[PDB]
Structure formats: C-alpha cells, structure tokens
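Sequence lines set the chain letters: A, B, ... in the order given, protein chains first and strands last, and positions in each chain run from 1.
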2 protein chains.
Amino acid sequence: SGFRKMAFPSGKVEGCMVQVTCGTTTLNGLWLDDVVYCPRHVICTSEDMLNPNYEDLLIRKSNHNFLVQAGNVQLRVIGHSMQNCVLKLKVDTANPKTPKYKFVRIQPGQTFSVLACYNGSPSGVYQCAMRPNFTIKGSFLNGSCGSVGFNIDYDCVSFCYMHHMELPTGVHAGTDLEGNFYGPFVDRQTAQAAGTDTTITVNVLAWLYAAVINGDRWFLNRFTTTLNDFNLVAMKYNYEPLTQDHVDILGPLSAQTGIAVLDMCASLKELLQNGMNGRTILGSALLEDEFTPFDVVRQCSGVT
Amino acid sequence: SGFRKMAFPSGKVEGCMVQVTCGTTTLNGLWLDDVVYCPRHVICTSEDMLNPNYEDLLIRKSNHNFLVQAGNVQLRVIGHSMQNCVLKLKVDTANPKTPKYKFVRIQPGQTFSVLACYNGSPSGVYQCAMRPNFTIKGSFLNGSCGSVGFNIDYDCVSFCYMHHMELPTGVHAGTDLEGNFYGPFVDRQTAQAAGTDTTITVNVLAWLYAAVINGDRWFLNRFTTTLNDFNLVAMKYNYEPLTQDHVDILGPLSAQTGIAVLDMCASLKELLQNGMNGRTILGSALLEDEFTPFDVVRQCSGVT
Ligand SMILES: CCCCOc1ccc(Cl)cc1CC(=O)Nc1cnccc1C
Ligand SMILES: CCCCOc1ccc(Cl)cc1CC(=O)Nc1cnccc1C
C-alpha cells in the first residue's frame, strides 16, 4: 500500500552521462555505444542564442573542439554531425556501461523519469509527464541541458527526452534523441508560445483507481455518466476529451477494482464540479494527472 | 526553475541489492563489502509472524539456509548473526560495486530516497520524509522488505532506513542499518499505535522559500509574527513548534530571498488560517513538508 510519484531506477542512465564542453559552454551528453548525444546549442555563446545559424556555427568547430569527459576520463572525438537539434559526437571508445536501449518519441500525456545532471554528474531523479502541449514541468537550472528523460522495461532503457531549454514562463522544452523538438519550439532565445495545455483525463482516472486500490474511496458515488456527458464536463474544466481508446487502456484497473470506467468518470465529474471540499486523495489536494494507467498497474503490482 | 520531489540518483544503491531467501520467504538484502543486511523476519513463516521468537527461529537456521543471489550469481554464506531486527550474512566475496558508504540514524523530519525493490531487483525510486512519529508514507508491497532509504553526499551513500513492515493503517515502519526500529515498532503482526503525527514546520517554510525562488509569490503578505505567536497557530494546526534552531537552518534561504524567517512564518500563519482559496504553490494544493531546507538549497543550486 501507498502510492508515490515513483521514478525508474536511474543507474543504467547514470552510466551514460558525460560532460560536453565546446569553447566556453558546458552541458551534459549521453554516451551510448561510440556516440555522445548532446544539445546542439553547446556550440553557441550566450550572444549567439538570440538567433543562431547553427550550420555556420558548427562549420567553425572541429572534432578537437568538443571536450567530452566521462567522470575523470577524456573521450577522443573522431567525428561530429548535427541531426535536427542534437549533435552526435562519434568517439573512439564504446561506453562499457551502455545498457540495452532504444530511442522513442513519446506521446503527450505519457510519463517518464528525468535524471537531472550538471557537468556530466547526476544530481537527482524525478518522474514527470509530457504535457498535452509538449512542455514538461521539470526542475532544471543552467547547466542541466543534455539531461535525459527515459522509461525502463526490464533491462531496456527507452530514451524519450533530452533537455534543451527553459521557456520565459519557466516551463521546459526539449527533443527526442533524434533532435526533434516536442512541440513547436525552436532552440533560440525568443518568445515562444507553448499553447493551451489540458489536464490528462485518462491519467486522473488511473490515479483515482490507484486511490481506491490503496483505500482512499471517499470520492466514490452512486452515479454513472456517459462519454458524451463526461466530455461536456471535461470541456468546461479544460480536461482532454475521453475516448474509447482511453476507456480500453483503463480496462485492467476497472477489472481489478470492479469499478466501471464510466462510474469512475462520474466520480471525476463530481470532483470537478464540487472540488475536494478540503479533503485529500493519495496525499494530494488536487486531481493528479502524472500517472498513466500503465504506471498505476506497474506500481500496484511491483514490476522490476 | 521548477521544483520537484527529487530523489537521489539510485545507481550506487542498485549495485548493492540482492535477493535473500530463507525457507519459503524471499525479500531484499543490501550487500556492502562482504556482508548482506536484511530484515530478520526473512526467517519466519507467515504463521510465525503473530509473535516470533527470533532467537529460537534463527537457531534452526544454518549458513546454507540463507540463499543470497546478486542478479544471476549466488553468494556463499560463511556466517550469520542477528543485530537488533536485522540479519547480517557474512559472504565470501566483497561486493565489487560497494560505494563509499555510512550507516546513519536520521532524525524525524529529515528526508531520504527509497529504492523500492522486489526479489532483489529495483522497481523505482522516490523521495520521502521520516514523519515526526517515525513512520514513512512510502509505496511498498509484499516482497519490498529489505528495500533501503538513503542520502548521497558526493560519492558517499548514507544508508538510513531498511523497510520492514506495513502497519495495519497502511503506513510504513523500518529500521536503521543496525536493525533498530525508528519509533516504537516491533517486528510482529500485532496492532501497533504509530502515535500523533505533526506537520514538519521547518520543511513547509523551506518549501515556501523554494516557491518564492521559483516565482510563486502570491502568499507573501505585509505581515510579520513572532516565534511565540506563530507557535500558538502551529499548536492549533498540529504543526511542530518552530525553534531558533529551525530559524537558523532557514538562514541561507532567508539570505537568498531577502525574506526574514518570521515574515515567512506570517505567510504560513495566514495560509494555515485561511487555506489556499483554490490556489496552488509549486503545483500543490496543500502545504508540503517533505523538503528540508538543505533539500531546497541543493535543488535550487544544482548540487551533484
Ligand atoms: C543562461 C542561458 C540563457 C539562454 O537560454 C537558452 C536559450 C535557448 C536554448 Cl535552445 C537554450 C538555452 C539555455 C537554457 O534554456 N538553459 C536552461 C535550461 N533549463 C533550465 C534553466 C536554464 C537556464
Ligand atoms: C504478507 C505479510 C503479512 C505479515 O506482515 C508482516 C508482519 C510483521 C513484519 Cl515485521 C513484516 C511483515 C511483512 C510486511 O509487512 N510486508 C509488507 C511491507 N510493506 C508493504 C506491504 C507488505 C505486505
């Protein structure tokens, strides 16, 4: 019993972190096999960031200008290339701590763990969701760029995020490991609209099932609803519209608890319309949307 | 910017986890140097748990009855001893992944990371506080016993908790690494009062400073208070009384923000008396007490 915002064990990712320095800029890189991946803005000076011509800035750099250090040891750079917003530095040594891995592009509403790093050294690990608007609400300071987001299925690390920047609003933006930004963001110091965010309905419902499993049941009611009626409420409260695909993904939790998905929707509808009335659910005084249905099943079953 | 419930990177601890089996019971052990530490109730059957005579149960066990497996490899047990509520299994091989470590007994109100494990395999990592009543509000299922709590200062892991049991109320109890329970708990399947818990005032104040640093400032007011007046409010709301020692530990945050500790106390007093009025602070709709002043300084400065 108990339910926590749990991150994946970060060891397999810690073994991949390196420091990358180019000129005066230092950030983090991810060393997998014989390639080090890092944000391409490592080649910029603070002055270049207003509108960088990355192609031109990279033309002025050679392999020997990229200083890559894995803890105490220096890596020898034998190639460099830019792919979208990431640089790939080919090194002469395969990382001996390379775990089994994949590069994946996550969908908005999915969750992942972030290993925040500074100077190639891990500082902490936390779990977060990719917002529907493709931002993340992380905890990152200057020097954290190149820190990565990931999920782990048994012995395979699926890397889904590399941190690039903080928007003027304090929210975070980054790329997949092929350097493609999530969302409309560009790697420039410019005003960038993040766009309307919504609450991840399927995750709130999953977390309400997690609450029932762990004994917090006060919000259960005698009501039911339909997808159409619930979506009118979701619209008013800036929640993502619930679809049959979301209902299907909640099947295992509905089967375990015996609470039909639309009955849990009616509990959520009442909570949206009436608030918490000063009560809490799983130690929270708001409706939590950073746990997917898969996260709830994993945490409630003890998957390693 | 941003503030998250951040755990320490768990890699150094993952390398110490092993599975311990005795008879029919399997739980986790912590392998440091040539000793494996685990909860002594690994020697019990479910029937023995109502009132186990651990000394008698252990007398029936020999070194070869403790099956210790580090991933795929089996460890050879050459000695066993019980120290308080832990068993120490001497093995013939020092763990090659033993980090620099210490065993510490944390104080109530302090925080630490938990690497939840099942069958010797890490499942996830989360940050939590040792409650003033010596329980932890963790996320643990059957098989998680032997999972550990720790803090990391540079390259040194300070182990402070080993998980032993879930109380009938769903809260968690465990020991330091010398096997001494935190709180009044005993390792028996009996009704055990946890005792009155309180909110960790110094941590709520630290988190309010974290909020101001990250831009959430709506709760700041034109008021001040005294330790005596604030403690009358703390008493009414079941908060720990604030002392000058707590004020001194908040010095660095008060110096960084320029907000005097008693002025932040007046913000906290108003929040206690008036509630949040449907607003949030650092994404929370309640007053968070699981960040110490040291945690806030560390997260706000990027300590690795
Ligand atoms: C001090 C850097 C100012 C320019 O910023 C930038 C402009 C554009 C880009 Cl693609 C990158 C960056 C660096 C950046 O955003 N760093 C960062 C990340 N997360 C949290 C806090 C910080 C300060
Ligand atoms: C299924 C075990 C029942 C007896 O429990 C016990 C009685 C006494 C003791 Cl010192 C240990 C235990 C085992 C225990 O509490 N396990 C556990 C831990 N955390 C979260 C969930 C669980 C089920």
* To do: Grab the two heavy atoms, one from B:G11 and one from A:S10, that are nearest each other, plus how far apart they are.
  => N-OG, 4.2 Å
* **Heavy atoms of other groups near B:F294 CZ, more than 12 under 6.0 Å** => no
* Sub-3.5 Å donor-acceptor pair from the side chain of B:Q127 to the main-chain atoms of A:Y126, do we have one? -> no
* **Contacts of A:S144 that satisfy side chain to side chain donor-acceptor pair (under 3.5 Å) - sequence neighbours left out** => none
* Asked: Is there any residue in residues 296-304 of chain A with a non-hydrogen atom under 4.5 Å from a non-hydrogen atom of chain B, and which ones are they?
  -> A:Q299, A:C300, A:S301, A:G302, A:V303, A:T304
* Asked: Which atoms of A:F3 come close to chain B, meaning under 4.5 Å heavy atom to heavy atom: side chain ones, backbone ones, both, or neither?
  -> backbone
* Heavy-atom distance under 4.5 Å to chain B: side chain of A:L115, backbone, both or neither? -> side chain
* Are the charged groups of B:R4 and A:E290 less than 4.0 angstrom apart, N to O? -> yes
* Structure fact -> Assert top hit (heavy-atom pairs under 4.5 Å, partner chain A, pool B:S139, B:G2, B:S284) equals B:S139
* **Choice from B:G215, B:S123, B:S1 maximising heavy atom contacts with chain A below 4.5 Å** => B:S1
* Asked: chain A contacts: which residues in residues 273-283 of chain B have a non-hydrogen atom closer than 4.5 Å to it?
  -> B:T280, B:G283
* To do: Using non-hydrogen atoms and a 4.5 Å limit, figure out which bit of B:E288 sits close to chain A: side chain, backbone, both or neither.
  => neither
* Looking only at non-hydrogen atoms, find the nearest pair between B:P9 and A:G124 and report the distance. => CG-N, 3.8 Å
* Structure fact -> Ranking A:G170, A:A7, A:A116 by heavy-atom pairs under 4.5 Å to chain B gives rank one to A:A7
* Counting heavy-atom pairs under 4.5 Å to chain A, which of B:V114, B:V171, B:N214, B:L286 comes out on top? -> B:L286
* Using a heavy-atom distance cut-off of less than 4.5 Å, which residues of residues 146-155 of chain B contact chain A? -> none
* Kindly compute the distance separating NZ (B:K5) from CE (A:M6), expressed to the nearest 0.5 Å. => 13.0 Å
* To do: Go through B:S113, B:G15, B:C128 and name the one with the most non-hydrogen pairs under 4.5 angstrom from chain A.
  => B:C128
